[PDB]
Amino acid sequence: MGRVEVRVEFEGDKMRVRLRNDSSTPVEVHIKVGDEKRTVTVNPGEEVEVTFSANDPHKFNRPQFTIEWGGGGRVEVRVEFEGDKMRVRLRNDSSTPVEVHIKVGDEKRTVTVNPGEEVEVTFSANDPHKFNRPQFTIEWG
C-alpha cells in the first residue's frame, strides 16, 4: 500500500500547497504555479506546506504537481480552473496503477489510472468558490 495527500488552499493572493506522505517511501513533489517552480522532498510521515504568492490570482489558475518517487515513478496532476468547472488531468508514468481521489466541497471523485494512462476529472460548480480548498489523494496498490 501507500498514500500521498495534496491539499491546495486559496486565500486571496496566496496559494498554499500541503503535502502529506502516508507511504513507506520518500517522494519528491515538483510544483509549478505559473512562472514559479518549487521542488520538495516529503519523507514518510512528513507534512510539507509550500506557499505561493501572486499579483494576479489568475497566475494560480493552472497549478501542476508531479509526485515523483525513487525508481522512476511519476504521477502528474495538472489542475485547470476554467469558468464554473475544475478540470484535473492525471497521468501515471509508473509501473503500478494508482487510485486518485479528488474532493471539492460536497463532491468527491475517484478514478483508477493504469500505468502509461492519462485520465481527466472535471467537477462543475455554480459558485467557483466551491474550489477554494481542493484535496487529492494518490494511493498505490
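Residue indices: 1-based, along the sequence shown.
Stretches 54-62 and 40-48 differ in mean C-alpha B factor, with the higher average recorded for 54-62.
Per the deposited record, the Cα B-factor of residue 119 falls in the middle third when ranked against the other modelled residues of its chain.
When the modelled residues of the chain are ordered by C-alpha B-factor, residue 113 sits in the middle third. When the modelled residues of the chain are ordered by their C-alpha B factor, residue 20 lands in the lowest third. Ranked by Cα temperature factor within the chain, residue 99 sits in the lowest third according to the deposited record.
Compared with the other modelled residues of the chain, the Cα B-factor recorded for residue 28 ranks in the middle third.
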